[PDB]
Amino acid sequence: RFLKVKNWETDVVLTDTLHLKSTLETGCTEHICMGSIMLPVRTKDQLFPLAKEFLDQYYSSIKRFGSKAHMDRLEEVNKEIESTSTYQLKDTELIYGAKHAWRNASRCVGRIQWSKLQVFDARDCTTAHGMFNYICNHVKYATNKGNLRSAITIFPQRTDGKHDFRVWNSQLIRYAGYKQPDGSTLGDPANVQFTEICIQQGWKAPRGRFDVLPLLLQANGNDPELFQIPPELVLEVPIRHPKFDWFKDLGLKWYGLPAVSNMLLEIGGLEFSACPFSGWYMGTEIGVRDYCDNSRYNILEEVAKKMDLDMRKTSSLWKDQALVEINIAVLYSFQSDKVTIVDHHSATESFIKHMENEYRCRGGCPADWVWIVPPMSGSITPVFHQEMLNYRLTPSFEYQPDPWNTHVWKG
Amino acid sequence: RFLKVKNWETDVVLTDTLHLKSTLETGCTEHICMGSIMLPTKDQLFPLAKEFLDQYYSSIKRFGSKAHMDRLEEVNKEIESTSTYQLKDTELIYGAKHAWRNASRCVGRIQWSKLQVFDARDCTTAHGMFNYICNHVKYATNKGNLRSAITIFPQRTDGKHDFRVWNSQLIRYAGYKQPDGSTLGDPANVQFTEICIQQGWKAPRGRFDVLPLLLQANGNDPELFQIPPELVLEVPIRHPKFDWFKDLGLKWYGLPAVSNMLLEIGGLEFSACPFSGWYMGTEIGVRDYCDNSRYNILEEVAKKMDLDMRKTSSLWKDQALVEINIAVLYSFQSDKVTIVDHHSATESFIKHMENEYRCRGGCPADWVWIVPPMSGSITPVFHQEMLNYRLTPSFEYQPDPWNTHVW
Ligand code: HEM
Ligand code: HEM
Ligand SMILES: CCc1cc(CNC)cc(OCc2ccc3ccc(N)nc3c2)c1
Ligand SMILES: CCc1cc(CNC)cc(OCc2ccc3ccc(N)nc3c2)c1
Ligand SMILES: C[C@H](O)[C@H](O)[C@H]1CNc2nc(N)[nH]c(=O)c2N1
Ligand SMILES: C[C@H](O)[C@H](O)[C@H]1CNc2nc(N)[nH]c(=O)c2N1
Ligand SMILES: [Zn+2]
């Protein structure tokens with residue numbers, strides 16, 4: 001079957017055949033679309049088809065399909081499964097899998113970069129201290145003094161689900177959130193619950209607006225352990241505005257390295273429950289969502305108040321006006337400090353080029369419009385006018401429930 | 001099967017049971033989501049009529065009444081006999097209001113029950129359509145105090161005698177493909193502005209020329225009519241701060257009046273059913289003014305603001321976009337013409353969603369269309385999970401007449 005997408009700004013039409021290789025489900029049916037829904041122990045019965053499919057893909061990509069090398073590997077993986085009820089990926093396979101998980105991440109606008117991922121194999125890791133060391137090296141490598149580099153560090157796969165490796169942090173670097181008795185919040189409200197856990201686990205909280213959280217690391221299903229990232233490794237950027245001198249005095253800064261650490265990497269049926277990865281920021285992640293979401297730092301009012309905007313009626317668009325300057329300031333600051341960042345205009349433009357290239361060479365590019373379109377200035381970016389097909393390919397990054405909701409405490 | 005939707009800004013969770021009464025298809029499957037795709041006989045008819053009459057008589061607290069059964073058999077007889085049927089006025093009004101209530105892409109549905117329905121089913125000629133439409137326009141505009149309205153022309157019979165309004169909106173500005181290669185007026189209407197001239201219009205080849213109506217009655221060739229200028233309320237666009245803004249020479253019309261959709265009620269098809277409400281500011285300022293394939297004035301406005309247009313990372317496009325949308329709102333409000341900003345409208349819709357979940361068991365909503373084209377995540381609807389499904393009565397899309405007209 002053929003599927004056509006259209007760009008209503010340029011009238012370019014692309015044809016999707018890749019969706020036929022789609023395994024997983026969307027959540028949608030013929031009778032309901034769950035396109036805007038945010039979130040819509042494995043036996044051997046189902047493992048070998050998943051392994052075979054991955055290896056068929058792998059050996060196609062290296063143009064060795066049906067080769068003796070291909071067949072032996074299948075045989076090898078096969079025996080290893082029914083002998084051990086799992087199997088191990090070769091280094092080459094792991095690298096391929098991680099890159100393609102990224103390539104398949106339909107909610108990621110940054111995928112033009114997917115082929116240049118630095119994969120750190122941490123499958124020989126056994127303890128939380130080992131995890132901390134690997135993560136430090138990831139952060140140092142990825143940060144690269146502000147010239148950021150995409151990286152992923154992959155810890156050992158799940159076995160019985162009773163020995164999981166997990167990073168309890170949602171990102172490697174994030175600021176603490178503290179709920180005050182008067183109901184207000186100090187720091188990042190998104191992180192209040194995790195902060196509390198850390199504090200409970202023995203973390204001594206500086207209780208400021210921008211405390212970098214400690215890593216909380218779980219190895220081999222053991223109780224997690226606290227570690228402080230060395231501050232010299234945490235690159236941060238003070239936020240100032242190129243024309244507004246009072247903006248510096250708002251006291252804002254942000255960290256340079258976005259490193260998501262709570263997702264699950266699936267490759268050939270194998271589940272890597274700890275696989276922190278990092279790229280670099282799109283400006284709006286910080287300027288729009290982190291600073292201006294009502295449920296986050298929520299600085300729109302103070303900025304608008306300092307701009308002397310008409311804040312009495314919404315139709316003045318004072319919120320809209322302050323939002324733009326804040327995002328200007330975030331971009332200005334990162335660029336002035338020579339820290340890699342991309343504006344939403346450049347990023348969406350690159351993604352369209354990527355997507356078109358993917359249709360030509362791959363026969364498709366699964367893409368989640370709801371997530372690809374930036375949280376401000378939607379229709380003046382080219383992805384707004386781009387029709388997209390969303391479907392799920394493997395290898396993939398998957399959501400997993402927060403570890404504190406499922407962890408069996410040892411003590 | 002009983003679905004939950006979460007607001008991630010407020011943690012509020014609503015349970016949706018209404019989707020289980022869905023009939024039409026979404027375009028989606030379990031394998032692929034098409035959520036961002038713009039455009040996905042006698043025996044067919046009676047279940048369709050029955051389903052509608054069921055929800056109608058249920059709605060008036062008379063489900064399973066004698067009148068219900070009587071109406072059912074009455075309609076069933078008329079179908080068996082005439083191969084179609086006619087709606088009672090009360091049912092027509094209900095169906096129209098509920099078509100609007102069911103429009104999953106419409107952010108303005110908190111107003112759905114306050115709709116003025118104009119029964120134009122006795123119309124027989126294009127001249128009659130023109131008269132009905134002028135009356136619609138005058139009533140809806142109401143000297144700037146806009147009132148929602150729909151005018152419903154005769155239903156389809158055998159597709160040979162369709163009533164169609166060839167305009168996409170009752171009021172739109174002309175677009176001309178210039179010799180030097182550019183485009184004067186509205187580029188979205190270049191083909192229609194051509195067809196108008198191609199059937200005898202005389203364009204004042206200006207920038208904001210209100211297009212003539214091209215009305216098709218009973219399957220006949222369509223006819224040109226000019227809306228009396230005094231019926232077309234326009235708003236000169238100035239900025240409350242930049243006095244050079246007015247020099248740009250921009251204005252827009254007060255009445256957004258979509259006229260190319262198909263209204264389906266109880267299996268009956270109304271191919272000519274122009275309806276109107278009032279603008280959300282971003283429709284004009286974000287889409288009509290700044291879309292690349294439209295008036296695309298961003299670069300011009302950015303210039304006069306003397307913004308750094310060297311690199312995209314200065315967000316000059318963004319900065320300009322906000323000021324433009326400030327001006328639109330400011331102009332309309334000054335001139336006492338109804339308009340809603342995207343903050344209040346999206347706030348209205350959340351409250352409306354709340355209401356619909358609470359009294360109806362849900363509210364079909366297309367997130368891709370409900371979220372405004374600017375400042376998305378600082379409006380409440382961005383953080384609102386929505387379920388999209390298709391309820392009847394409905395507004396549907398139909399081919400442009402000039403691709404189908406048995407000429
Ligand atoms: C290199 C520059 C990159 C940029 C500019 C970028 C940009 C983005 C943005 C803006 C989002 C939406 C995030 C949000 O709004 O919360 C996203 C999502 C995502 N990205 Fe990328 N990204 C980059 C690199 C990467 C890398 C290296 C990976 C993995 C190896 C990755 C995988 C993903 C995944 C799995 C999501 C979806 C998160 C979810 O499902 O909720 N990205 N990206
Ligand atoms: C009264 C104030 C109203 C407001 C503020 C409003 C707002 C909107 C907006 C902003 C859109 C997005 C369309 C676009 O971006 O092109 C829309 C779509 C739509 N509106 Fe409403 N609207 C109003 C009244 C009405 C009325 C009176 C009707 C019908 C009787 C209606 C039916 C629809 C339909 C059917 C669509 C989407 C068409 C489709 O399926 O693609 N609206 N509306
Ligand atoms: C719902 C799961 C989730 C939530 C959130 C925060 N929402 C409040 C963020 C999530 O992932 C967000 C993400 C993932 C990968 C990225 C890679 C690079 C980059 N610059 N940003 C990313 C951002 C996933
Ligand atoms: C695809 C269906 C569609 C397309 C387009 C043009 N987009 C290229 C416009 C459509 O309708 C757009 C519409 C409909 C009803 C409205 C009622 C009030 C209002 N203020 N705006 C409306 C705007 C529907
Ligand atoms: C391709 C994409 O679906 C298309 O650009 C849509 C996106 N969302 C929209 N939303 C509204 N309200 N109006 C539109 O015309 C569109 N266009
Ligand atoms: C309910 C809705 O799906 C949710 O708010 C989504 C919308 N689109 C998004 N898009 C991005 N990039 N990031 C997000 O967190 C979200 N949140
Ligand atoms: Zn869908």
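Note on numbering: residues are counted from 1 along each chain in the order of its written sequence, which can differ from the entry, and residues with no coordinates are hidden. Here the convention is simple: chains get letters from A, ligands get numbers from 1, in the order in which they are written. Just so you know, side-chain values use all the structure's heavy atoms and leave hydrogens and water out.

Method-wise, the PDB entry is recorded as coming from X-ray crystallography, at a reported resolution of 1.90 Å.

**A look at the site of ligand 1**
Residue and element names in this part refer to chain A. Consider each residue's heavy atoms; a residue with any of them within 4 Å of a molecule or strand counts as near. Taken together, 17 residues lie around ligand 1, and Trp 102, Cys 108, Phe 277, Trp 371 and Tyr 399 are the ones closest in. Polar contacts, as counted here, are pairs of nitrogen or oxygen atoms within 3.5 Å of one another; within protein the pair requires one atom able to donate a hydrogen and one able to accept it, and residues that are adjacent in sequence qualify only if both atoms are side-chain atoms. A distance of 3.2 Å is found between a nitrogen atom of ligand 1 and a side-chain nitrogen or oxygen belonging to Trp 102. Within the side chain of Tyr 399, an N or O atom sits 2.4 Å from an oxygen atom of ligand 1. Under the grouping applied here, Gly and all other residues not named as nonpolar or charged are polar, the nonpolar ones being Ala, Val, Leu, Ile, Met, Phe, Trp, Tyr, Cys and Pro and the charged ones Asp, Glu, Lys and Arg. Grouping the amino acids of the shell around ligand 1 by side-chain chemistry returns eleven nonpolar, four polar and two charged.

**Observations regarding the interface of chain B and chain A**
Here, residues are in contact when the closest pair of their heavy atoms is within 4.5 Å. Every contact between the two is made by 62 residues of chain B and, on the other side, 63 residues of chain A. Summed over both partners, buried area is the accessible surface (1.4 Å probe) that two parts give up on being assembled. Buried surface at the junction of chain B and chain A, both sides included, amounts to about 5,200 Å², of which 61% is carbon and sulfur. Here a salt bridge means any side-chain nitrogen of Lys or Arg lying within 4 Å of a carboxyl oxygen belonging to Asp or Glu. Where chain B touches chain A, the interface holds zero salt bridges. Viewed at the interface, chain A and chain B are joined by 30 residue pairs in polar contact. Numbering of helices and strands starts at the N terminus; helices are DSSP runs of H or I of at least 4 residues and strands are runs of E of at least 2. Elements that contribute at least two residues to the side of chain B that touches chain A include exactly β1 (3–6), α6 (281–290), α8 (316–334), α9 (342–360) and α10 (367–370) of chain B. No other element matches α8(B), which puts ten residues into the side of chain B that touches chain A. Looking at the side of chain B that touches chain A, its residues break down into 28 nonpolar, 24 polar and ten charged.

**Notes on the pattern of salt bridges**
All told, the structure shown has 47 salt bridges over all chains when counted by the stated rule. With a closest N to O distance of 3.8 Å, A:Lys306 and A:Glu302 form a salt bridge. Taken as a pair, A:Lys306 and A:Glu302 lie in helix α7 (residues 300–306) at a separation of four residues, close to a single helical turn. Owing to a relative accessible area of 44%, A:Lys306 belongs among the partly exposed residues under this scheme. Taking relative accessible area as the criterion, A:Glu302 reaches 36% and is therefore assigned partly exposed. B:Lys177 is the partner of B:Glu194 in a salt bridge, and the nearest nitrogen-oxygen pair spans 2.9 Å. Burial here depends on accessible area, computed with a 1.4 Å probe over protein chains only, as a share of the maximum for the residue type. Under 20% is buried, over 50% is exposed, and the range in between is partly exposed.

**Remarks on the coordination of the iron atom of ligand 1**
Geometry sets the ideal angles at a metal, namely 109.5 degrees for four tetrahedral donors and 90 or 180 degrees for six octahedral donors. Only nitrogen, oxygen and sulfur atoms qualify as donors, provided they sit within 2.8 Å of the metal or within 3.2 Å for Na, K and Ca; with water excluded from the atoms, sites may seem incomplete. Counting protein donors to the iron atom of ligand 1 gives just one, A:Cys108 (SG), placed at 2.3 Å. Structurally, the position occupied by A:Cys108 is in the loop between α3 (91–103) and β3 (118–121).

**Some remarks on helix α5 (residues 192–200) of chain A**
Residues and elements named next belong to chain A. For α5, every residue scored as buried is listed here: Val 192, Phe 194, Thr 195, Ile 197 and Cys 198. Residues of α5 that are buried sit in contact with β6 (177–179), β7 (185–187), β8 (215–218) and β9 (225–227). Immediately beyond the C-terminal end of α5, within one or two residues, lies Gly 202, with a positive phi of roughly 115 degrees.

**Quick notes on the sheet that holds strand β5 (residues 166–167) of chain A**
Residues and elements named next belong to chain A. Should DSSP find at least two bridges between two strands, the strands are regarded as paired. Read from one edge to the other, the open sheet built from three strands follows the order β5-β8-β9, with strand pairing classed as antiparallel. Each edge of the open sheet carries a strand with a single partner, namely β5 and β9. By the bridge criterion, three bridges tie β8 to β9 in an arrangement that is antiparallel. In the strand pairing of β9, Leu 217 is matched with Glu 225.

**Considerations on the environment of A:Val324**
Residue and element names in this part refer to chain A. Structurally, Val 324 is set in helix α8 (residues 318–336). Judged by its relative accessible area of 4%, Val 324 falls in the buried class. Distance in space between the C-alpha atoms of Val 324 and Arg 103 is 31 Å, their sequence separation being 221 residues.

**Focus: the site of ligand 4**
All names here are of chain B. Residues in contact with ligand 4, as listed here, are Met 38, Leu 39, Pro 256, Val 258, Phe 275, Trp 278, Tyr 279, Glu 283, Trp 369 and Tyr 397. With respect to ligand 4, the backbone of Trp 278 contributes an N or O atom lying 2.8 Å from a nitrogen atom. Contact distances for ligand 4 include 2.6 Å between a nitrogen atom and a side-chain N or O atom of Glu 283. Using a 1.4 Å probe, the Shrake-Rupley method yields the accessible areas, and only the shown protein chains count as cover for residues. Calculation on ligand 4 without its partners gives an accessible area of 560 Å², and the protein chains cover 62% of this total. Per-class residue counts for the shell around ligand 4 are nine nonpolar, no polar and one charged. Segmentation into domains, and thus their bounds, comes from an automatic or database assignment. Counting the residues that make up the shell around ligand 4, at least three belong to each of domain 1 (16–121 + 148–158 + 262–276 + 346–370) and domain 3 (234–256 + 279–344).

**Overview of helix α1 (residues 42–59) of chain B**
All names here are of chain B. Taking 1.5 Å per residue, 18 residues should reach 26 Å; α1 reaches 26 Å between its end C-alpha atoms and fits that length. Listed as buried for α1 are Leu 45, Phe 46, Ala 49, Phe 52, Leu 53, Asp 54, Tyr 56 and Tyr 57. Downstream of α1 by a residue or two, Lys 61 has a phi angle that is positive, lying close to 50 degrees. Each residue after the first adds 1.5 Å to the expected span of a helix.

**Section: the packing of aromatic side chains**
Side-chain rings of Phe, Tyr and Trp, where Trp is taken by its six-membered ring, are said to pair if the distance between their centres is within 6.5 Å; with planes under 30 degrees apart they count as stacked, over 60 as edge-to-face, and otherwise as tilted. Following the criterion strictly, the structure yields 43 aromatic pairs over all chains and no others. Measuring from ring centre to ring centre gives 6.2 Å for B:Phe192 and B:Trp402, while their planes differ by 45 degrees; the resulting arrangement is tilted. Note that B:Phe192 is positioned in helix α5 (residues 190–197) and B:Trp402 in the segment after β16 (394–396), a separation of 210 residues in sequence. Looking at B:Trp402, the relative accessible area reads 22%, which means it is partly exposed. Taken together, the ring pairs connect A:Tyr175, A:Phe210, A:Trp254, A:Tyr255, A:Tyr281, A:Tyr291 and A:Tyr297 into an aromatic cluster. Across the ring face of A:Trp8, the terminal group of A:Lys6 is positioned such that the distance to the ring centre comes to 3.8 Å. For a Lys NZ or an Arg CZ to count as sitting over a ring, it must be within 6 Å of the ring centre and within 35 degrees of the ring normal. Above the plane of the ring of A:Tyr141 lies A:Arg149, whose end atom (NZ or CZ) is 3.7 Å from the centre.

**Topic: the environment of A:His19**
Position of A:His19 relative to the elements: it lies in the loop between β2 (13–16) and α1 (44–61). The buried category is assigned to A:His19, whose relative accessible area is 5%. Not counting residues up to four positions away in its chain, the partners in contact with A:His19 are A:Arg1, A:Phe2, A:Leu3, A:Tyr391 and B:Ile32.

**Notes on the domain arrangement of chain B**
Residue and element names in this part refer to chain B. By the assigned domains, chain B splits into domain 1 (16–121 + 148–158 + 262–276 + 346–370), domain 2 (122–147 + 162–233 + 397–401) and domain 3 (234–256 + 279–344). If you look at the interface, domain 1 gives 20 residues, while domain 2 gives 17 residues. Carbon and sulfur atoms make up 59% of the surface buried where domain 1 meets domain 2, a total of about 1,600 Å² over both sides. When the buried surface of domain 1 facing domain 2 is broken down by residue, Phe 153, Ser 271 and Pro 274 rank first, second and third, together holding 27% of it. Seen at the junction of domain 1 and domain 2, the total is one salt bridge. Between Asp 162 and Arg 156 there is a salt bridge whose closest N-O contact spans 2.4 Å.

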